Amino acid sequence: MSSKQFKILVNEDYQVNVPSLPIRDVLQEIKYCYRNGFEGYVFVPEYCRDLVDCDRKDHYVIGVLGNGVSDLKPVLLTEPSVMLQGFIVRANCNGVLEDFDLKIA
């Protein structure tokens with residue numbers, strides 16, 4: 001009752017240059033996405049985090065933290081947490097579908 005399931009395109013193949021945002025705007029964007037879904041976003045697993053580049057490495061993207069029901073939290077591309085599952089980023093590339101159980105940190 002306290003999380004939501006989403007079908008998100010998973011990118012394991014393509015280098016993507018993605019936008020990043022000030023922390024206040026990523027918090028708002030996480031809230032928007034939790035309510036409205038992740039159209040226009042892909043999930044990049046942490047095991048292929050090298051696929052992601054941003055021009056503003058001082059700003060944030062959507063992080064997926066924890067196994068099972070994961071928390072959505074603003075992260076930097078440096079994020080070294082061992083619970084980092086991946087990033088949810090704006091991108092247009094191909095991929096495969098996976099289900100995610102997410103809630104707002």
Residue in region 39-60 that is of a type in the set (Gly, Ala, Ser) and within 26 Å of residue 1 (Cβ to Cβ) present: no
Flag for residue 95 being touching a helix residue (DSSP H, G or I) at 6+ places or on another chain (Cβ under 6 Å), in contact (Cβ under 8 Å) with a residue 40 or more places away in the chain and of a type in the set (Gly, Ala, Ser): no
Residue count, region 60-81 (criterion: of a type outside the set (S, T, N, Q), under 13 Å from residue 49 (Cβ atoms) and more than 14 Å from the chain's Cα centre (by Cα)): 1
Residues of region 76-104 classified as under 16 Å from residue 13 (Cα atoms) and surrounded by fewer than 19 Cβ atoms within 10 Å (Cβ to Cβ), total: 8
Single residue of region 12-67 satisfying the filter (of a type in the set (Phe, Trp, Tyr) and in contact (Cβ under 8 Å) with a residue 60 or more places away in the chain) that is farthest from residue 99 (Cα to Cα): 14
Of residues in region 15-66 being under 15 Å from residue 90 (Cα atoms) and of a type in the set (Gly, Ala, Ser), the one surrounded by the fewest Cβ atoms within 10 Å (Cβ to Cβ): 40
So residue 73, is it surrounded by 18 or more Cβ atoms within 10 Å (Cβ to Cβ) and among the basic types (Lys, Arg): yes
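Note: ideal-geometry Cβ built from the backbone for every residue, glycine included; neighbour counts use all protein chains shown. Any read-out appearing in this document is the output of simple, stated calculations on the displayed coordinates, not a laboratory observation.
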